[PDB]
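Read the structure below first, then the notes.
Just so you know, all these numbers are worked out from the coordinates, no wet-lab data involved. Note that we place each Cβ from the backbone using ideal geometry, even for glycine, and neighbour counts take in every protein chain shown.
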Amino acid sequence: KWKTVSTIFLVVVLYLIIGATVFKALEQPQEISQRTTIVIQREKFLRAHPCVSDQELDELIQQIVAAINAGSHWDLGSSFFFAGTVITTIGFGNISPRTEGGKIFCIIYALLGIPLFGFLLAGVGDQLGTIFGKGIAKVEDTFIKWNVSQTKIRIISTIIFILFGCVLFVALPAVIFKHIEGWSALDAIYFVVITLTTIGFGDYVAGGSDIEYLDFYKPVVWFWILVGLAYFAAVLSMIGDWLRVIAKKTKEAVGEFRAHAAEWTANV
Amino acid sequence: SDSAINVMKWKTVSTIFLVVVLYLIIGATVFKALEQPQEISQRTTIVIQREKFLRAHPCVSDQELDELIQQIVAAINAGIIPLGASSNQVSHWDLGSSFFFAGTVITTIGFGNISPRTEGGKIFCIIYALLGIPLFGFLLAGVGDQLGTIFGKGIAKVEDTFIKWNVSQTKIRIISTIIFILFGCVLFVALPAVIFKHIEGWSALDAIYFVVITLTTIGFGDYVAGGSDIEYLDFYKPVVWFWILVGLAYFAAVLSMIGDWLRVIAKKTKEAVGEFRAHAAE
Ligand SMILES: CCCCCCCCCCCC
Ligand SMILES: CCCCCCCCCCCC
Ligand SMILES: CCCCCCCCCCCC
Ligand SMILES: CCCCCCCCCCCC
Ligand SMILES: CCCCCCCC
Ligand SMILES: [K+]
Ligand SMILES: [K+]
Ligand SMILES: [K+]
Ligand SMILES: [K+]
Ligand SMILES: [K+]
């Protein structure tokens, strides 16, 4: 009977409107500054090099505009890492197929590989899940007979998951990425989130911009991803549970308010 | 009992792990066979345009050309139009684009054609994702249940007119899943691809490629329905993410049906090797 999706639908729409207004408040200023200071860089180069004329720069730009479509790529290791992006639905896009066949293979490779990877992430999920269950069984005895109650220890135990988790799956890889690709502190944490949330903008990739890295690095990246995906999958599911709790709390909250509001009001 | 099953599970994981590794190696070799030819041709014919413009204009800084290209490469990472004319442009963070950017984030599509450059925009995106991604999941779940039981209406009337004599309900489940994919790929794949073909000017394969990459939430961003500037009625850009909302629910079922098919084929090829290695030509 009750739809109940309508209330969710409008929360998501409003959530997109808020984010939209926040992003164009955060980004359009530095969009202005970049684009205005590029015409300075161009008008600098029309003057500083009279060798190039007004039309001949435009010819060069459009060859780089055509170079956008392509840019060694697709080597023995890169195409291996490309396939990892597809089945995990990360899809950084820094490497994308250009052949008509490459597209069709990728379409078929995704429709069959994405379900395949799901079973691995599920097994790695169970594997990771019961390993942490061994760590908390030791912790759920030593200070659990002592004062604090088990209905409240559920709070202490979940803190240690996120604390110890963001160390291994977020902190350590970001520190490593900071000292290998030379990223900033935020770039590395931004990359970790964008990677393990499967958003994968591709603006930061541990394999692109490829001057220095060895064969001990590019395997550990995807291996980190495999296990890290399982971590956020739990995290992004715990956060969902928090939203389910808050949703029920605020559903009955309007319940009691609109209970007493119409209660006194109806009395004549 | 308690950890006897766990030994039986890491042996399951190890077998899956290697199937995925083999599957990645196969795809790898196929892609670098499909793509690296067209990489070689593009890489060699750009050094021709390189050396063409190295001689033809000697009085340009011969080595600072690369310095200019990289400044344009860095400018490519933003929404630029660096030309002599057309020095006014449109904003990629306008009222509508940032709305569509947020749709990419919570759906974990993330086309990346528009990405935040401010350190604040990054941190908001990080917080916007970790809270928005779970949020969207409930909408897609509700739209999933909503779509699911709407199709349950249409199949209920059809699964009665198809009740002739000697019909087997275990095999009518085969007929019913065909009409799901048939009508499914029409409304959620065929019709939007045909529309994208006539609006974005794409080819037939580009549009179907885009639909898959979008609704499989891979989202390379090499094709985006709202990346160029062509006309965009703005009855169009809302229907795009609205299509995505319901289309994601469709592949979510499809990519789950395919998973079940692989679970069946896994058991069949499990016992197929049992039959083979049990006998071995008697
Ligand atoms: C241009 C037409 C492309 C058709 C691709 C069909 C691929 C079917 C794959 C089925 C995977 C289960
Ligand atoms: C060294 C500076 C790193 C600061 C990273 C800030 C990220 C804020 C995340 C907010 C968590 C809810
Ligand atoms: C019935 C739907 C109401 C759910 C309201 C959820 C509000 C989430 C607040 C998150 C802000 C950080
Ligand atoms: C981003 C915070 C959104 C807050 C929306 C609150 C909506 C209240 C839901 C009431 C449901 C009965
Ligand atoms: C690409 C499918 C590999 C099949 C391996 C089967 C091993 C039992
Ligand atoms: K790019
Ligand atoms: K994804
Ligand atoms: K992506
Ligand atoms: K993605
Ligand atoms: K991308």
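Taking a straight Cα-Cα cut-off under 17 Å and skipping sequence neighbours fewer than 8 places away in the same chain, the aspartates and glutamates within cross-link reach of B:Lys270 are B:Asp260.
Summing charges over all other residues whose Cβ lies under 11 Å from the Cβ of A:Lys218, with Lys and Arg as +1 and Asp and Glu as -1, gives -3.
Among B:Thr104, B:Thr29, B:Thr216, which one shows the biggest mean-square fluctuation in a GNM of chain B, springs joining Cα atoms closer than 10 Å? Top of the fluctuation ranking is B:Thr29. In this simple spin-label model, placing a label point 7 Å from the Cα along the Cα-to-Cβ direction at both A:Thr37 and B:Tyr232 gives a separation of 2.6 nm. Fully extending the segment from B:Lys267 to B:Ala253 would add 2.9 nm, taking 0.36 nm per residue of separation and subtracting the current Cα-Cα distance. Annotation: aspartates and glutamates with alpha-carbon distance below 13 angstrom to A:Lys44 (same-chain offsets under eight excluded): A:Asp54. The residue among B:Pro82, B:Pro192, B:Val13 whose Cα reaches farthest toward the positive pole of the charge dipole of chain B, with charges on the beta-carbon of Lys, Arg, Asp and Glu, is B:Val13. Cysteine residues of the protein assembly as shown whose C-beta has no other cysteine C-beta under 4.7 angstrom: A:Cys106, A:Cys166, B:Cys125, B:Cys185. Listed cross-link partners B:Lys157/B:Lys267; A:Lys218/B:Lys122; B:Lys11/B:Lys32; B:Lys171/B:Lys267 are compared with a 29 Å cut-off, the Cα-Cα value being larger for B:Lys157/B:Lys267; B:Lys11/B:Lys32. Think of each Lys and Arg Cβ as +1 and each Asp and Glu Cβ as -1; about the Cα centre, that makes the dipole of chain A roughly 1280 debye. Per-residue ellipticity at 222 nm from helix content only, as computed over chain B with -39500 (n - 2.57) for each DSSP H run of at least four residues, stands at -24500 deg cm²/dmol. For chain A, the Stokes-Einstein estimate of translational diffusion at 10 °C and a viscosity of 1.306 mPa s comes to 67 µm²/s, using the Kirkwood hydrodynamic radius over alpha-carbon pairs. Taking only Cα atoms and a 10 Å spring cutoff, compute GNM fluctuations for chain B and point out the largest among B:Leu191, B:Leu18, B:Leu140. Looking only at B:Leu191, B:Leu18, B:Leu140, the largest GNM fluctuation is found for B:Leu18. With N as its number of residues, the protein assembly as shown has a Cα radius of gyration that, divided by 2.2 N^0.38 Å, comes to 1.11.
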